[PDB]
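In this analysis, Cβ positions are derived from the backbone assuming ideal geometry, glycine residues included, and neighbour counts consider all displayed protein chains. No lab work stands behind these numbers, since they all come straight from the coordinates.
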């Protein structure tokens with residue numbers, strides 16, 4: 001199996017294995033450029049699912065930073081995986097710092113003219129079974145009410 005799947009198997013994550021896998025992913029990105037590495041893409045998906053229960057400040061900051069570099073040049077997959085992590089990760093374990101970040105990246109995504117992040121935020125607030133919202137995102141969400 002591919003490391004992106006084997007490292008998600010229950011109780012099988014190892015540091016030694018993640019380091020080898022992580023390594024070639026960055027080399028492949030550093031070799032082929034933003035949004036051009038299918039191997040790097042497997043790492044975005046691994047991060048998206050892994051951190052939902054398997055959180056790591058180290059991995060999360062990297063995930064976020066690279067996803068935003070890519071998306072700043074038009075390649076959306078990494079950022080799409082990050083919003084999916086935000087929406088489903090916070091449903092499984094609410095972290096206030098990560099909720100604030102979710103707001104921050106949703107606002108930034110909307111103001112670049114996208115709706116993928118805002119819908120994911122709307123989806124979270126709706127299903128999150130239990131929130132204060134930056135009044136700017138508050139108004140953006142009110143206008144989204146005409147869509148979903």
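Can you pull the percent of Cα pairs in the chain with separation above 24 Å? Before the final figure, lay out each step's value.
Numbers: 3773 of 10878 pairs.
The answer is 35 percent, as a whole percent.
For a label point 7 Å from the Cα of residue 61 along Cα→C-beta, name the residues of the range 1-18 whose backbone N is under 11 Å from it.
Residues passing the 11 Å test: none.
For the range 101-132 and the range 1-73, write down the distance between their C-alpha centroids in whole Å.
Result: 23 Å between the Cα centres.
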